[PDB]
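Visitor: Can you keep this structure in mind? I'll have questions shortly.
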Amino acid sequence: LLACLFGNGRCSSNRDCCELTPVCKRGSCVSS
């Protein structure tokens, strides 16, 4: 069980973020 391989606020898709942040909008991870 590991849903977090980034640890930052920048991404390229929803799955590119961590568990605490299941959304990726504007190329930035967010918690919805």
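Going by the entry's author numbering, 19 is the number at position 19 of the sequence shown; the sequence numbering is gapless. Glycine included, every Cβ here is placed at the ideal spot set by N, Cα and C.
#1: In or out: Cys-4 buried (at least 16 other Cβ within 10 Å) or exposed?
#2: Assuming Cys-24 is part of the beta strand (DSSP E), what are its boundary residues?
#3: Select from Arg-15, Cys-11 and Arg-10 the residue whose C-alpha is nearest the C-alpha of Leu-2.
#4: Can you grab the Cα-Cα spacing for the pair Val-23 / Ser-13, in whole Å?
#5: Residue range of the beta strand (DSSP E) that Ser-28 falls in?
Guide: Based on what the coordinates show:
#1: exposed
#2: 23-25
#3: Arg-15
#4: Rounded to whole angstroms, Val-23 to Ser-13 spans 8 Å at the Cα level.
#5: Note, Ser-28: beta strand (DSSP E), 28-30.
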